[PDB]
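Chemist: Just passing along the structure, written as structure tokens.
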Amino acid sequence: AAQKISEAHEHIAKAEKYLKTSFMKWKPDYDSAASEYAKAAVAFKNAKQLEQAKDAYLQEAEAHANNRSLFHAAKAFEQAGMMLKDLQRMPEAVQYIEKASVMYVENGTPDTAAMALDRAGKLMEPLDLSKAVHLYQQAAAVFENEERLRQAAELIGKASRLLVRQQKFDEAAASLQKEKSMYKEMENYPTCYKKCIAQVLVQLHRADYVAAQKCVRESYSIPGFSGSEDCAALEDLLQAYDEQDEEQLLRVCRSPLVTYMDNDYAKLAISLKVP
């Protein structure tokens, strides 16, 4: 109860004393200040004073960074963010989760940087899709740098899907081309075909039938594409759009190949009409 708020202040006081400096001790005691800020934070949190818990975690982060302790600074920034989420102020957490990720790569633990960015992306989805797409791209860049290519592609996938949901189809197209190259490099051909489905859905949605047909043409040189169901289905779709056959276009857009796509593409297929 009130016991805990009392303790939190005692801890901030001790923190401040540790940072105080003297001719006999001429460098603040950053390590001990950090411990105390951590303890203030935990106390405020238990007392349900979330905003105060968050400010204490920021002090702890500062203290750790000042003590060259990058992993622990990062951990503390993440805790401040999670206080902000818990307060229904997730937008305000972003800056701190980003600061943490910089500290995580600086430290030689880039996986952790990419997961903090992924995690934040997902929590930003209900709030601002653009920023969510941005975090996911940031996560992908990190994964790419430490050469984790499955991981980076997966994240670009998330951004592709959300750009479709946002109806930024130009961007969605660029994102899907990038995905497709990555899976092509990794030689994951079955997944390339699916990207081609999505690429065509997007282009038909822009009513850019030429671009749509170009994706299919380009994909013929991806091994195993010409003889796949995926390609058969896209050829039927294009044919139907070209001949303006509504029955066929609706049928294809509602076949399992297409409706089992990720939700954002399946929907985009649902809404497609003959020109």
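Quick note on naming: the chains in the structure tokens go A, B, ... in the order shown, residues restart at 1 in each chain, and ligands are numbered from 1 in order of appearance.
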I'd like to know which residues of range 13-213 of chain A are helix (DSSP H, G or I) (by DSSP, run on the backbone); could you write them as an MDAnalysis selection string?

Modeler: chainID A and resid 13:19 30:46 50:66 70:86 90:105 110:124 129:145 149:165 169:185 189:205 209:213

Chemist: Quick one: of A:263, A:137, A:203, A:255, who's nearest to residue 241 in chain A, counting only C-alpha atoms?

Modeler: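 Ranking A:263, A:137, A:203, A:255 by distance to residue 241 in chain A, first place goes to A:203.
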
Chemist: For residue 62 in chain A, find every residue with an atom within 12 Å (counting only C-alpha atoms), except residues of its own chain fewer than 5 positions away, and show them as a PyMOL selection string.

Modeler: chain A and resi 15+19+30-31+33-35+37-38+55-57+67-70+72-77+80+96+99-100+103

Chemist: Restricting it to N, CA, C and O atoms, dump the selection as a short mmCIF file (atom, residue, chain, number, x, y, z; two decimals), in the first residue's frame.

Modeler:
```
data_model
loop_
_atom_site.label_atom_id
_atom_site.label_comp_id
_atom_site.auth_asym_id
_atom_site.auth_seq_id
_atom_site.Cartn_x
_atom_site.Cartn_y
_atom_site.Cartn_z
N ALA A 15 19.49 6.26 -4.73
CA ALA A 15 19.98 6.56 -6.08
C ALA A 15 20.62 7.90 -6.20
O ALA A 15 21.72 7.99 -6.72
N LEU A 19 24.74 8.94 -7.03
CA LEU A 19 25.22 9.77 -8.15
C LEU A 19 26.02 10.96 -7.66
O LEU A 19 26.89 11.45 -8.35
N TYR A 30 27.42 4.86 -10.83
CA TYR A 30 26.29 4.56 -11.73
C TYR A 30 25.66 3.20 -11.45
O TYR A 30 24.43 3.04 -11.45
N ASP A 31 26.49 2.21 -11.16
CA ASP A 31 25.98 0.86 -10.96
C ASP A 31 25.00 0.83 -9.77
O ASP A 31 23.93 0.25 -9.91
N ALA A 33 23.38 3.39 -8.33
CA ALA A 33 22.20 4.19 -8.70
C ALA A 33 21.21 3.35 -9.53
O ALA A 33 20.00 3.33 -9.28
N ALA A 34 21.73 2.57 -10.46
CA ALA A 34 20.83 1.82 -11.30
C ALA A 34 20.06 0.83 -10.46
O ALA A 34 18.87 0.65 -10.71
N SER A 35 20.72 0.16 -9.52
CA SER A 35 20.05 -0.83 -8.72
C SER A 35 18.92 -0.21 -7.94
O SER A 35 17.86 -0.82 -7.80
N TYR A 37 17.30 2.59 -8.69
CA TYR A 37 16.23 3.02 -9.57
C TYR A 37 15.39 1.79 -9.92
O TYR A 37 14.14 1.85 -9.93
N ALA A 38 16.04 0.66 -10.16
CA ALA A 38 15.29 -0.55 -10.43
C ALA A 38 14.35 -0.81 -9.27
O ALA A 38 13.22 -1.24 -9.50
N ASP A 55 8.99 6.47 -14.89
CA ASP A 55 10.10 7.43 -14.80
C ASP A 55 11.31 6.84 -14.08
O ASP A 55 12.46 7.25 -14.33
N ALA A 56 11.07 5.85 -13.23
CA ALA A 56 12.15 5.31 -12.44
C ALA A 56 12.94 4.38 -13.36
O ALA A 56 14.16 4.36 -13.31
N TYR A 57 12.23 3.67 -14.23
CA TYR A 57 12.89 2.79 -15.15
C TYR A 57 13.75 3.61 -16.13
O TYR A 57 14.82 3.17 -16.54
N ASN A 67 27.12 3.43 -17.02
CA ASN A 67 28.01 2.43 -16.50
C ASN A 67 28.41 1.44 -17.54
O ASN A 67 28.87 0.32 -17.21
N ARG A 68 28.23 1.83 -18.81
CA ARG A 68 28.59 1.01 -19.97
C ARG A 68 27.91 -0.32 -19.92
O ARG A 68 28.41 -1.30 -20.40
N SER A 69 26.74 -0.37 -19.35
CA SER A 69 26.07 -1.64 -19.22
C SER A 69 24.87 -1.73 -20.20
O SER A 69 23.72 -1.55 -19.83
N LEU A 70 25.16 -1.96 -21.47
CA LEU A 70 24.18 -1.77 -22.53
C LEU A 70 22.96 -2.72 -22.47
O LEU A 70 21.82 -2.30 -22.62
N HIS A 72 21.53 -4.04 -19.91
CA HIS A 72 20.66 -3.75 -18.81
C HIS A 72 19.93 -2.41 -19.03
O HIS A 72 18.78 -2.22 -18.61
N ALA A 73 20.61 -1.44 -19.60
CA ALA A 73 19.95 -0.23 -20.06
C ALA A 73 18.80 -0.66 -21.02
O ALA A 73 17.68 -0.27 -20.84
N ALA A 74 19.09 -1.51 -21.98
CA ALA A 74 18.07 -1.85 -22.91
C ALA A 74 16.86 -2.44 -22.16
O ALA A 74 15.70 -1.99 -22.39
N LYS A 75 17.13 -3.41 -21.27
CA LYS A 75 16.10 -4.09 -20.51
C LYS A 75 15.27 -3.09 -19.75
O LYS A 75 14.05 -3.26 -19.60
N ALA A 76 15.87 -2.01 -19.35
CA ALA A 76 15.14 -1.09 -18.52
C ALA A 76 14.22 -0.19 -19.40
O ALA A 76 13.08 0.13 -19.03
N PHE A 77 14.75 0.25 -20.53
CA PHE A 77 13.96 0.96 -21.53
C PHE A 77 12.71 0.15 -21.90
O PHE A 77 11.60 0.69 -21.93
N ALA A 80 10.20 0.50 -19.11
CA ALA A 80 9.49 1.76 -19.23
C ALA A 80 8.42 1.68 -20.35
O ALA A 80 7.28 2.15 -20.17
N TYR A 96 11.24 4.50 -26.71
CA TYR A 96 12.07 3.76 -25.75
C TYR A 96 12.42 2.36 -26.24
O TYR A 96 13.54 1.89 -25.94
N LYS A 99 15.17 2.91 -28.67
CA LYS A 99 16.41 3.20 -27.95
C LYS A 99 17.01 1.87 -27.46
O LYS A 99 18.18 1.63 -27.65
N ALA A 100 16.18 0.99 -26.93
CA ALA A 100 16.60 -0.30 -26.47
C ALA A 100 17.23 -1.12 -27.60
O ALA A 100 18.29 -1.74 -27.41
N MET A 103 20.61 -0.18 -28.48
CA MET A 103 21.53 -0.63 -27.46
C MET A 103 21.77 -2.12 -27.59
O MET A 103 22.88 -2.60 -27.31
#
```

Chemist: Residues at most 7 Å from residue 179 in chain A, counting only C-alpha atoms, excluding those fewer than 4 positions away in the same chain, as an mmCIF file with N, CA and C atoms, in the first residue's frame?

Modeler:
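Output below, filename part-v3.cif:
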```
data_model
loop_
_atom_site.group_PDB
_atom_site.id
_atom_site.type_symbol
_atom_site.label_atom_id
_atom_site.label_comp_id
_atom_site.auth_asym_id
_atom_site.auth_seq_id
_atom_site.Cartn_x
_atom_site.Cartn_y
_atom_site.Cartn_z
ATOM 1 N N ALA A 153 12.754 -11.891 -44.199
ATOM 2 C CA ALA A 153 11.665 -12.081 -45.141
ATOM 3 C C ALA A 153 10.314 -12.142 -44.431
ATOM 4 N N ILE A 156 9.206 -8.735 -43.546
ATOM 5 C CA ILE A 156 8.775 -7.991 -44.730
ATOM 6 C C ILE A 156 7.358 -8.438 -45.163
ATOM 7 N N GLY A 157 7.125 -9.752 -45.200
ATOM 8 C CA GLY A 157 5.773 -10.308 -45.181
ATOM 9 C C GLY A 157 4.789 -9.557 -44.287
ATOM 10 N N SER A 175 7.152 -3.985 -51.558
ATOM 11 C CA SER A 175 7.418 -4.898 -50.485
ATOM 12 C C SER A 175 7.355 -6.367 -50.953
ATOM 13 N N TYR A 183 13.008 -14.949 -51.060
ATOM 14 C CA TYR A 183 12.688 -16.364 -51.080
ATOM 15 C C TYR A 183 13.328 -17.046 -52.269
#
```

Chemist: Which one is closest to residue 233 in chain A: A:251, A:27, A:64, A:158? Count only C-alpha atoms.

Modeler: A:251

Chemist: Please compute the CA of residue 273 in chain A-CA of residue 253 in chain A distance, one decimal, in Å.

Modeler: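 About the pair CA of residue 273 in chain A and CA of residue 253 in chain A: they are 9.8 Å apart.
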
Chemist: Excluding same-chain residues fewer than 5 positions from residue 190 in chain A, what lies within 10 Å of it counting only C-alpha atoms, as a PyMOL selection string?

Modeler: chain A and resi 183-184+195+222-225+228+230

Chemist: Since we have the selection now, will you write its residues out, keeping C-alpha atoms, as a compact mmCIF listing (two decimals), in the first residue's frame?

Modeler:
```
# COMPACT_ATOMS: atom_id res chain seq x y z
CA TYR A 183 12.69 -16.36 -51.08
CA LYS A 184 14.20 -16.77 -54.51
CA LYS A 195 4.13 -14.20 -53.42
CA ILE A 222 11.32 -19.47 -61.09
CA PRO A 223 11.92 -23.25 -61.03
CA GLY A 224 8.71 -25.24 -60.64
CA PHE A 225 6.44 -22.27 -61.13
CA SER A 228 2.38 -25.52 -60.34
CA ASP A 230 -0.40 -21.59 -58.37
```

Chemist: Residues near residue 209 in chain A, anyone? I mean within 12 Å using only C-alpha atoms, not counting same-chain ones fewer than 5 positions away, as a PDB file with N, CA and C atoms, in the first residue's frame.

Modeler:
```
ATOM      1  N   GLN A 199       1.122 -10.727 -55.550  1.00  0.00           N
ATOM      2  CA  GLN A 199       1.527  -9.628 -56.415  1.00  0.00           C
ATOM      3  C   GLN A 199       0.417  -9.349 -57.484  1.00  0.00           C
ATOM      4  N   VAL A 200      -0.126 -10.412 -58.062  1.00  0.00           N
ATOM      5  CA  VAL A 200      -1.129 -10.271 -59.071  1.00  0.00           C
ATOM      6  C   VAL A 200      -2.397  -9.655 -58.452  1.00  0.00           C
ATOM      7  N   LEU A 201      -2.779 -10.127 -57.249  1.00  0.00           N
ATOM      8  CA  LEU A 201      -3.972  -9.605 -56.586  1.00  0.00           C
ATOM      9  C   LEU A 201      -3.835  -8.116 -56.403  1.00  0.00           C
ATOM     10  N   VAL A 202      -2.646  -7.699 -56.015  1.00  0.00           N
ATOM     11  CA  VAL A 202      -2.416  -6.278 -55.795  1.00  0.00           C
ATOM     12  C   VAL A 202      -2.497  -5.506 -57.105  1.00  0.00           C
ATOM     13  N   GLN A 203      -1.906  -6.034 -58.157  1.00  0.00           N
ATOM     14  CA  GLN A 203      -1.844  -5.277 -59.365  1.00  0.00           C
ATOM     15  C   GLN A 203      -3.242  -5.164 -60.022  1.00  0.00           C
ATOM     16  N   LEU A 204      -3.983  -6.262 -60.062  1.00  0.00           N
ATOM     17  CA  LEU A 204      -5.339  -6.254 -60.509  1.00  0.00           C
ATOM     18  C   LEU A 204      -6.144  -5.250 -59.680  1.00  0.00           C
ATOM     19  N   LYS A 214       2.954  -9.119 -66.265  1.00  0.00           N
ATOM     20  CA  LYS A 214       4.368  -9.085 -66.039  1.00  0.00           C
ATOM     21  C   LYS A 214       4.840  -9.943 -64.824  1.00  0.00           C
ATOM     22  N   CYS A 215       4.183  -9.864 -63.651  1.00  0.00           N
ATOM     23  CA  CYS A 215       4.590 -10.700 -62.546  1.00  0.00           C
ATOM     24  C   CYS A 215       4.574 -12.158 -62.929  1.00  0.00           C
ATOM     25  N   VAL A 216       3.495 -12.601 -63.580  1.00  0.00           N
ATOM     26  CA  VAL A 216       3.383 -13.990 -63.986  1.00  0.00           C
ATOM     27  C   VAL A 216       4.481 -14.308 -64.999  1.00  0.00           C
ATOM     28  N   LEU A 237      -7.039 -16.613 -63.669  1.00  0.00           N
ATOM     29  CA  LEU A 237      -7.498 -15.364 -63.169  1.00  0.00           C
ATOM     30  C   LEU A 237      -7.309 -14.281 -64.202  1.00  0.00           C
ATOM     31  N   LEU A 238      -6.093 -14.177 -64.740  1.00  0.00           N
ATOM     32  CA  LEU A 238      -5.788 -13.215 -65.780  1.00  0.00           C
ATOM     33  C   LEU A 238      -6.728 -13.411 -66.998  1.00  0.00           C
ATOM     34  N   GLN A 239      -6.890 -14.643 -67.436  1.00  0.00           N
ATOM     35  CA  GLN A 239      -7.756 -14.909 -68.536  1.00  0.00           C
ATOM     36  C   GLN A 239      -9.158 -14.364 -68.309  1.00  0.00           C
ATOM     37  N   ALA A 240      -9.660 -14.605 -67.108  1.00  0.00           N
ATOM     38  CA  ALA A 240     -10.976 -14.192 -66.734  1.00  0.00           C
ATOM     39  C   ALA A 240     -11.058 -12.692 -66.692  1.00  0.00           C
ATOM     40  N   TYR A 241     -10.020 -12.016 -66.219  1.00  0.00           N
ATOM     41  CA  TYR A 241     -10.049 -10.559 -66.137  1.00  0.00           C
ATOM     42  C   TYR A 241      -9.982  -9.975 -67.555  1.00  0.00           C
ATOM     43  N   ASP A 242      -9.277 -10.667 -68.449  1.00  0.00           N
ATOM     44  CA  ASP A 242      -9.032 -10.163 -69.756  1.00  0.00           C
ATOM     45  C   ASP A 242     -10.328 -10.312 -70.558  1.00  0.00           C
ATOM     46  N   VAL A 274     -14.305  -8.054 -62.139  1.00  0.00           N
ATOM     47  CA  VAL A 274     -14.159  -7.835 -63.583  1.00  0.00           C
ATOM     48  C   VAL A 274     -14.304  -6.324 -63.937  1.00  0.00           C
ATOM     49  N   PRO A 275     -13.411  -5.783 -64.790  1.00  0.00           N
ATOM     50  CA  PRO A 275     -13.404  -4.330 -65.089  1.00  0.00           C
ATOM     51  C   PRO A 275     -14.666  -3.790 -65.780  1.00  0.00           C
TER      52      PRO A 275
END
```
